[PDB]
Amino acid sequence: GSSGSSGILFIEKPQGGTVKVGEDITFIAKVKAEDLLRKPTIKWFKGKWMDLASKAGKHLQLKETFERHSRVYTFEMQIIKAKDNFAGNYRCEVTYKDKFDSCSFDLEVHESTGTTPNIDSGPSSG
């Protein structure tokens, strides 16, 4: 197990997944906050240069919410009509007054069914 962690700041992390072509997927990402006057900013990226941040407009839409109840923020990433181009390696950058944290995940895109299924191979149920 090559996983090392120690009292990380980024409470929750956006666990990558696999969305079908044309489907809509959302990610979760929370951060430990102490102050209220200040608010941390999150920037979503993709590929090498592709910055989802600027891509957010139609096919993509980001989300952000604050919870003074626990002083923790929760940023989400709503991806609409996920195209085969949305697949690859994602990245997250959150620069907070206190400390900064970054996390990256993986996203997969499967071809949405269109025409009748072809000869398959394997067991079935139901």
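Note: ideal-geometry Cβ built from the backbone for every residue, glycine included; neighbour counts use all protein chains shown. Coordinate-derived values only; no laboratory data.
Here are the numbers for the structure shown:
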item	result
Spin-label model distance (nm) - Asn85 vs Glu111, 7 Å beyond Cα toward Cβ	1.9 nm
³J(HN,Hα) computed for each position of the range 87-92 - Karplus, 6.51 cos²θ - 1.76 cosθ + 1.60, integer Hz, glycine/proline x	6, x, 10, 9, 8, 9
Full-extension gain in nm, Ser3 to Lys39, via 0.36 nm per residue minus C-alpha separation	10.0 nm
Cα gyration tensor category, rounded, prolate or oblate, for the chain with a/c compared to 1.5	prolate
Cross-link reach list, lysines versus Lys97, counting only Cα pairs under 23 Å and skipping chain neighbours closer than eight places	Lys13, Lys30, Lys32, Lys39, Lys43, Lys63
Residue-averaged 222 nm ellipticity for the chain, from DSSP H runs of 4+ at -39500 (n - 2.57), nearest 500	-500 deg cm²/dmol
Once exposed loop chymotrypsin sites (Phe, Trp or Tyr not before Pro) are cut out (DSSP; at most 16 other Cβ, 10 Å), longest piece of the chain	50-104
